[PDB]
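Novice: Take these chains first, placed just as they are in the complex:
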Amino acid sequence: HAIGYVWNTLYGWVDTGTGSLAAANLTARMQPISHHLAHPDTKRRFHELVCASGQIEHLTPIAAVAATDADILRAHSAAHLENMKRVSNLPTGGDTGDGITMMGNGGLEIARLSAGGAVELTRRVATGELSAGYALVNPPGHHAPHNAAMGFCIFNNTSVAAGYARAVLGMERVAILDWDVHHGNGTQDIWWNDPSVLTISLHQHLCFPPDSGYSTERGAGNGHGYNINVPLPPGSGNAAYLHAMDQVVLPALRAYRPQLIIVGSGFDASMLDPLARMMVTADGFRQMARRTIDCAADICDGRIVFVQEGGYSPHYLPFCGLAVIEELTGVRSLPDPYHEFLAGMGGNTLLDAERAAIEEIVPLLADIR
Amino acid sequence: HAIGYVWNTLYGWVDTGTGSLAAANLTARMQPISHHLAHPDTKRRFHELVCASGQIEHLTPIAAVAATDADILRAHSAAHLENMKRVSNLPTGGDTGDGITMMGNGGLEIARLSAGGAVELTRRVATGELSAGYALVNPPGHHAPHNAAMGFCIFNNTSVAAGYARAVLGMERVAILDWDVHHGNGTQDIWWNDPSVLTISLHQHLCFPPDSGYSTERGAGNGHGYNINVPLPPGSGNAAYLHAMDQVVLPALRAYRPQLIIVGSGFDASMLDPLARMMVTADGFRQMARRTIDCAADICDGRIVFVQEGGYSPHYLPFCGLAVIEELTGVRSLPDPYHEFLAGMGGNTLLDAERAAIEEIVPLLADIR
């Protein structure tokens, strides 16, 4: 039992610019603002709580090591990598393509450290040095497909880690479980034709991107059946999320028998997130993490690696993240101070529409060989 | 056609403290933050957009006039008023009772100007000087019951205005239509026994407060039937909101024949709000405002007054508010720059659960005489 933990100062230095989502724009009358929705303070506050709560005393700090070009090319095209070098070299950086994905000057260094944090943690868990870990990286990854940056994501951190586990560590089966509230379209794209990386995305239906994450997106060729989307309706809370875990996610992992589980651990499904409409509380995320860790213990000798994705509440994300860290360490030493305030708002009963959305995916489990 | 508009510099100076929601607390490890959820910048950004968009050129600025003790006592107890004087006198102000409602030093001055802005606009619309208007006040009002402050609200601005319209202007029937996403429990309380102020609250069920806003809360004594709650499920969007307007809210106003309609105009039902789970877009609020203004035109000679309640997206609230102002002026000169980004997320189809929640209230319309 040794739990790795990755933070790097530069994860807190990502320059998201002076816009809200897209850039500030005077003609549109979008006024500049200090904190973009994706500002790094949200994840830094999580890190600072890991330290200040004393959880750090039960963690093994792991240094991020910059992802090399070779590491990045296991998940992305050469053209994408060169375009990010170009944007990073600009004097104030710039948008990377989709209009909502700012990279600051020098920002490629941070993107390499973000992917490299995931790779390093993956290596050190796979060897058995560590039993598990949490890589609290930034920028996030799961929207970046093979040939582009998208949705705040420069490189697909979990796919860079999976590619390393496949090519360098020789694993035959890896699973990426993404519970960020937005569809993991990038991860889906990268491994679309590939049955050696099972890609699962539990998300709010059509939240982002606008036209993907349908249950009918199942991969292609030898990868057909090895991508599983679980779109849920807006307003889904702990009951829906836990029913999805029990009915779809955990059974899929059991069927697939991955040698490593990489969790795309976003907290933007939280009750207070501005960028989705879900109702998960810190206790929900706690139960999700407990279940997933215990699943890995039953199937891949506990080799599970958590890698930070999204989440946009600087107020509440830290407690959602701390709950997951506590499940890794087994030291449960701080309450969620919002628990009573949020527990009264609901999401705690499985609604028929939520149940039906989840049941749509159950017949696809039989195609996971 | 003259449209009043109230802003006051001090509305932007409300001191919400250094906490997120409750105060910062080191033992709980709730780290201080610059912007409380209810920080005044959100509403100031709305005001600045009204100015910068050029909408101000079509508005008649109306000065707020501080609410007197007599004005406040038409909605609140003497004890509540004295307690707010006490808190306001403290060197750094303080919480007002419920643990989430900070008032800064001197903050009673701002609370008086907030209620007084609503009163002044009400007076000047009622006389016919103005045909309608928008009072962009802060702090908000609708959670404050007769004997307390609650939920960011010091005085119940719309109830102070209604009380003025009743006692000073001699109106026999006033309606308060609250579409803030949180239950208008304070307004409900103040007029509970009183059929001369019809109180309507369209809100997310059990969002805040945790134990109120049920359809069974209908008033008492001669006021029985003159409070109408329309609790909606999390994830409700434009289709639900507009169906609620058409099936319940507008028919209630038509039945009641108010001499003045006061709209508790919050924008925390927006798609990007952290403090609720609804999916209304600026175009939704636009349609809601158009319908309500046109209703007043058919029943109380256009005497409608909008008074700002909540809303917590500094990014998006300004465009939701601008849409309402544009419906008042009839000058539609700026797009919502988030329209396409949010329109793909949904809420645009009336779901069965949403429809059923709304239909629960229809049989109560017959009791409005």
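Specialist: Structure's in. What do you need? Numbers count the residues shown, from 1 in each chain, chains lettered A, B, ... in the order given.
Novice: Now do stretch A:108-116: distance to the chain's middle.
Specialist: Between the centre of stretch A:108-116 and the centre of its chain there are 15 Å (CA atoms, centre = their mean, to the nearest Å).
Novice: what's it in contact with?
Specialist: Residues from elsewhere that reach stretch A:108-116 (CB atoms under 8 Å, 6 or more residues apart in numbering or on different chains): A:8, A:10-11, A:13-14, A:64-68, A:71-72, A:84-85, A:87-88, A:103-104, A:137-141, A:154-157, A:160-161. All C-beta atoms are positioned from the backbone trio N, CA, C, and that covers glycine.
Novice: do the same with stretch A:28-38
Specialist: With CB under 8 Å, 6+ apart as the criterion, stretch A:28-38 contacts A:16-24, A:41, A:102, A:152, A:274-275, A:310, A:312, B:35, B:45, B:48-49, B:52-53, B:314-315, B:318, B:334-335, B:337.
Novice: Could you give me the buried positions within it?
Specialist: Neighbour-count burial for stretch A:28-38 flags A:29-31, A:33, A:35-38 (criterion: 16 or more other CB atoms under 10 Å in any protein chain shown).
Novice: Could you pull out the strands in chain A for me?
Specialist: A:3-6, A:60-61, A:94-95, A:102-103, A:132-135, A:174-178, A:197-204, A:227-232, A:260-265, A:304-308 (DSSP state E).
Novice: how about CSV for the ones you listed, with distance to residue B:200 and mean neighbour count added?
Specialist: CSV is the format used below for the strands of chain A (distance: least, CB to CB, whole Å; neighbours: other CB atoms under 10 Å in any protein chain shown):
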stretch, distance to residue B:200, mean neighbour count
strand A:3-6, 51, 25
strand A:60-61, 56, 12
strand A:94-95, 44, 18
strand A:102-103, 43, 24
strand A:132-135, 48, 28
strand A:174-178, 42, 29
strand A:197-204, 30, 27
strand A:227-232, 32, 25
strand A:260-265, 42, 27
strand A:304-308, 44, 31
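Novice: slot chain C in:
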Amino acid sequence: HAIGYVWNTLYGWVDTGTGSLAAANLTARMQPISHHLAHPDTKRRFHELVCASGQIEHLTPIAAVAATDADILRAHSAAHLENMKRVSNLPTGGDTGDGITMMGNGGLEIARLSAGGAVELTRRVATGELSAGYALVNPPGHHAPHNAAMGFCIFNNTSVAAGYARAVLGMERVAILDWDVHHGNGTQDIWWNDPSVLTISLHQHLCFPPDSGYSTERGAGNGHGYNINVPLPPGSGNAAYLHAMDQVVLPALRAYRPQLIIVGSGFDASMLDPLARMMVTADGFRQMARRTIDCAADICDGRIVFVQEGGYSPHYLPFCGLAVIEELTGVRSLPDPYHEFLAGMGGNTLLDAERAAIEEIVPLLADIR
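Specialist: The block that follows adds chain C to the chains above:
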């Protein structure tokens, strides 16, 4: 008589980026920050204090009118104007030349409104509609020479106004008195060869720019003797500033007999400014303003226009500015709450080195004909 006052919402929307002074730069390890030194909140806090103090009740609000190309060309080259049109188009804007002068996207609109606010106030004062006024503009002007932007300045607002007074209003003599703590090199450049605009700059010696503001910079040709620099040593306070006013500045104005005095009113000489080392307090600025307004009363029918330049203390600048406004209105209704705290730090005794610096300029007064 009537005192004009210019503010525009867009003055508060200038996008100063994510750097401190220059841009953020990751290889230099210059971490992004929310508020650049020149962030518009400093001047907005001054405006909000003018409102909240009640001073606005004694002022005549004057709308800014965008400076036309013709207006701009009275102070600047066509090449500079065309370059500003070009940069204003960049999607996130960018630096204009010197590495410390960011213009946001569409930012030329704001630059035109800033220069235009100075012109419009000048027009109304010079025509006798108003007796005097204060144009609280942003971005500032005095570092922009004929053919460039520099030092946060896009156009030379006071020189645009002086050019208007000369060419449109037919004034033969105008004076620009700049008491921003940095040398008014732009103004000096524009009117270098021209005796019809007397340019005076009281500043900290070599603060910015690093190689200008020497007493030997006196103009050329017909303009020789019609530029006066008064470089003062670091640590100069009220005594030095008032001695400079009495010994050099006011005598220069009296000798010249301008038909209009334009004051480049920066507050970066204040005791708490990060961008200079001077010790002026709000009472200092009060006395400087009183002296200058009284001079104007005796030499040009009271025609004096104040135009905002720099100042970088969001804490203290508002009180320095308010003191000047109070001298214009004659209504002295709020104390400087920092008065006792700052008065104890000194600067209230004229030091020999300060006296000597001032006395260096006295022999140059005889060349003002």
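Novice: Could you re-examine the contacts of stretch A:28-38 with chain C now present?
Specialist: By CB under 8 Å, 6+ apart, stretch A:28-38 touches A:16-24, A:41, A:102, A:152, A:274-275, A:310, A:312, B:35, B:45, B:48-49, B:52-53, B:314-315, B:318, B:334-335, B:337, C:13, C:15, C:34-35, C:104.
Novice: Same check on stretch A:49-61?
Specialist: A:2-7, A:130, A:133-134, A:136, A:318-319, A:321-322, A:325-326, A:329, A:331, A:333-334, B:29, B:31.
Novice: that older thread, tell me which of the contacts of stretch A:28-38 fall in helices.
Specialist: Among these, the ones falling in helices (DSSP state H) are A:41, B:45, B:48-49, B:52, B:318.
Novice: how far does stretch A:12-30 sit from the chain's center?
Specialist: Distance of stretch A:12-30 from its chain centroid, counting by CA atoms, centre = their mean, is 23 Å.
Novice: Whichever of the contacts of stretch A:28-38 count as buried, I'd like them selected in PyMOL; how would that read?
Specialist: Only the buried entries of the contacts of stretch A:28-38 go into this PyMOL selection, using 16+ other CB under 10 Å:
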select buried, (chain A and resi 16+17+18+19+20+21+22+23+24+41+102+152+274+275+310+312) or (chain B and resi 35+45+48+49+52+53+314+315+318+334+337) or (chain C and resi 13+15+104)
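Novice: Would you tell me which residues of chain A are close to chain C?
Specialist: By CB under 8 Å from any CB of the partner chain, the residues of chain A that approach chain C are A:10, A:13, A:15, A:17-18, A:23-27, A:31-32, A:34-35, A:91-92, A:94-95, A:104-107, A:109-110.
Novice: what sits against the closest residue to chain B within the stretch 251-369 of chain A?
Specialist: Evaluated by CB to the nearest CB, the stretch 251-369 of chain A has residue A:344 as its residue closest to chain B, separated by 3.2 Å. Residues near residue A:344 by CB under 8 Å, 6+ apart: B:206, B:210-211.
Novice: which of those residues come close to chain A?
Specialist: Restricting the contacts of residue A:344 to contacts with chain A (CB under 8 Å from any CB) yields B:206, B:210-211.
Novice: Also, this goes in as chain D:
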Amino acid sequence: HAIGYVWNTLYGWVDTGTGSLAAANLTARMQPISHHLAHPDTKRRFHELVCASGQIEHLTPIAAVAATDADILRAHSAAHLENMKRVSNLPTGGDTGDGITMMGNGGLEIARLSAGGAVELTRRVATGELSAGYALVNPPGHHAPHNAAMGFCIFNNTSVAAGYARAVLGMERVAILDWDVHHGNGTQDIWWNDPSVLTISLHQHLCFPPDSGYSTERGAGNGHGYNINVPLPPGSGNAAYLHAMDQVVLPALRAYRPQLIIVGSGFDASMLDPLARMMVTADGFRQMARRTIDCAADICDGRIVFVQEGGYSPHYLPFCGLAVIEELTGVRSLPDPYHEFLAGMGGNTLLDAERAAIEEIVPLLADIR
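Specialist: Let me add chain D to what's already shown:
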């Protein structure tokens, strides 16, 4: 040899409130602001630069250990300690006495960790585990006298450390060299009657407090001659500071033969600080640190401990601090990006008034036995 480095997350969580200096106050029209002058982000940016620069790779991280009551009582009265326990309990904390010294809720924990960080580093240096170090603590210490908090300081961190070195480690002579720009009145008070701790304060004359730091304040009784104030005039830069080091400070240390030198290392003498008027650059602080470390090498086996005091430029302080760290490690791997910009402003020539202020202290050196 090994260089210790202390940071603690909670140093960055000090709640400085919503005022600028004193609290926000509505009747005074002192508008709330996000960042108080003393906001903890300034020192956190220094810490993050130590990390991001790679300097941390050459440092031995040292955990802060909370100062005990016994530790605190070596510098402070029991009454003061008990008062701090009392205030720490207030739900939002509050001012401690002087109207500019906010302690957040539970804030005594942070005050203990700040003093404790200084003690722990002192212990490890004095025992020979480490050769030297830097304790980047917050809140600061040097204004807190025996019986009070003052000037943002709860406990006198360097005096707690000196008291520990005396009583626990058995040192007979300790020196505290304070180059924070404000007079170290607290330190002066604590050791006033005591020749076993030589207290030296290099500061801007009468900057803060307003009535102390005169050269005539020399201690009393057996301590007479063992307090040395070096008040310098406003506008003093590198030349004055280095002349003071060479003529007074280093000779005083050599005369005294301390067994440990503790440096009260503030950076508020920097060229860009809002809270003083001095002109020191990062290269200035570099040279001051180099001189002092080399002095320690020749008089007390290199036993030197730096403890953070003030400094209020979030932009520039990090580079001033990093320069000191680089002198400790001997690894000079990042330039000061402001070097050329600031070097042009001056302070690099010793002015007569600066020289004279320094020379006033030289005759006092002979009384250090």
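Novice: back to the contacts of stretch A:108-116, now that we've got chain D?
Specialist: A:8, A:10-11, A:13-14, A:64-68, A:71-72, A:84-85, A:87-88, A:103-104, A:137-141, A:154-157, A:160-161, C:26-27.
Novice: Using PDB, write out every CA atom in that stretch.
Specialist: C-alpha atoms of stretch A:108-116 as PDB (Å, rounded to 0.1, in the frame of the first residue of the first chain):
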ATOM      1  CA  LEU A 108       3.700  23.400 -24.300                       C
ATOM      2  CA  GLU A 109       6.000  22.900 -21.400                       C
ATOM      3  CA  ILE A 110       3.000  22.600 -19.100                       C
ATOM      4  CA  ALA A 111       1.100  20.300 -21.600                       C
ATOM      5  CA  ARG A 112       4.200  18.000 -21.600                       C
ATOM      6  CA  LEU A 113       4.300  18.000 -17.800                       C
ATOM      7  CA  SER A 114       0.600  17.200 -17.600                       C
ATOM      8  CA  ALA A 115       0.800  14.200 -20.000                       C
ATOM      9  CA  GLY A 116       4.100  13.200 -18.400                       C
END
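Novice: tell me which residues in it are buried?
Specialist: Buried, per 16+ other CB under 10 Å, within stretch A:108-116: A:108-116.
Novice: so which of the contacts of stretch A:108-116 are also by chain D?
Specialist: A:10, A:13.
Novice: circling back: out of the buried residues of stretch A:108-116, name the ones that lie in helices.
Specialist: Those of the buried residues of stretch A:108-116 lying in helices (DSSP H): A:108-116.
Novice: Can you tell me which of the residues you listed is closest to chain C?
Specialist: Once CB to the nearest CB is applied, the member of those that ends up nearest chain C is residue A:109, at 6.0 Å.
Novice: which outside residues touch stretch A:239-253?
Specialist: Under CB under 8 Å, 6+ apart, the answer for stretch A:239-253 is A:175, A:177, A:179, A:198, A:200, A:202, A:228, A:230, A:232, A:261, A:269, A:278, A:280, A:284, A:287-288, A:291-292, A:295-296, A:299, A:347-351, A:354-355, A:357-359, A:361-362, A:365, A:368.
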